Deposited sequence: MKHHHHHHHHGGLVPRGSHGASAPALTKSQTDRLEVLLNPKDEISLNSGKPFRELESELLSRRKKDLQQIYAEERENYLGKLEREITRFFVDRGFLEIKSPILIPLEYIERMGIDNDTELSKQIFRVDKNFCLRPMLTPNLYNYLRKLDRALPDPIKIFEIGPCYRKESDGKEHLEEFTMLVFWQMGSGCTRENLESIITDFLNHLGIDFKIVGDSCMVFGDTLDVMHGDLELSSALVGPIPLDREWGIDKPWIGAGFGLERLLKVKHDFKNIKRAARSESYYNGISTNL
C-alpha cells in the first residue's frame, strides 16, 4: 500500500537534506532511525559542538577580528524601549511583543540596547565606534516555515567615519562569503540581504530621525541577521525548526528516535 500522509510526515522528521517506493513504512523508518542514531553517535564521538553555539562563536571571531567590540546586553528589557523605538499600535511589531510583568518585555530586537551602547561608548572610544551583539530575540509570529518565536540575532553597527553604503555592502559581502552562504543585496538608505525568497538580513545607513531619541547625532551603518536563517540555508534545512534552540532537533537531527 501507499504510505499515509501521517507516515510520510514521520519519515520526513527523520529525513536529512543529503539522504539519497516498495518497502513498507516500518522498513523505511528503521533505516532512517539507524542513520540518525549514527549521525548523533558521530557528533558525540568527534566534535560535540552545537550548530547554533558554533555559528555564534564563528561570527564572534569574524567581527572581533574586524575591529568590532563584543557586547552582551540584557535580554529582558524595559517596555519603554519599545515605545522609544517608535513601535506604536500602527506597526506590526507592537502586536509581536512578549510582555513580562508590568514594566518589562523580552527584547524583539537588539537595537535599543545597542543605541544606548553607541551613545555611552562615544564618550570613551575613538571614532569610528564599531560594536556587535549576538543573542536571543523574541517575537510572536503566525508563520512557521521561516519564523521562530525564539530566535537569535546578530547586529553589527558602526558609527562615525566610513559609514557609507559601499562599506556596509563590503562587510556583508565579506561576512557571507566567509560563512559560505549565497546571497543578493537588494536596494535613510535601506538594503535587504536575500537568499532566493528568504530575507537573511535588513541593513541600514544612517542618520535617521529616530537617532535623536537615543542621543545619537553621527552617521552610521549596520545590519541585523537571523542565525537560524543562516543555518537553515547553510545546512539546507526544509524547516527553520531544525536550526532552533530545541528539544526536538539537535544539529538538525531528530531527537525523537
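Absence of C-alpha coordinates is noted for several segments of the deposited sequence, namely 1 to 23, 44 to 47, 215 to 220.
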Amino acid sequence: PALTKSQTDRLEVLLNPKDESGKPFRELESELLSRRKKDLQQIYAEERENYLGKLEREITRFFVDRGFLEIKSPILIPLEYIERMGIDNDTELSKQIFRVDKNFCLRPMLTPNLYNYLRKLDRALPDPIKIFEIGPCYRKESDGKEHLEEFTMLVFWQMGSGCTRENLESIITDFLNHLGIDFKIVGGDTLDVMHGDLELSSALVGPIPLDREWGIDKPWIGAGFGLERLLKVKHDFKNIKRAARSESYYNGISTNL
From here on, numbers count along this sequence of modelled residues.
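As recorded in the PDB entry, 81 to 89 is the stretch of 81 to 89 and 121 to 129 with the greater mean C-alpha temperature factor.
The question of which stretch, 96 to 104 or 134 to 142, has the higher mean Cα B factor is settled in favour of 96 to 104. In this structure the maximum Cα B-factor among 56, 31, 70, 228 is found at 31. When the modelled residues of the chain are ordered by C-alpha B-factor, residue 27 sits in the highest third. For residue 215, the recorded CA temperature factor ranks within the middle third of the chain's modelled residues.
Ranked against the other modelled residues of its chain, the C-alpha B-factor of residue 65 as given in the entry falls in the middle third. Per the deposited record, the Cα B-factor of residue 39 falls in the middle third when ranked against the other modelled residues of its chain. When the CA B factors of the chain's modelled residues are split into thirds, the value for residue 199 lands in the middle one.
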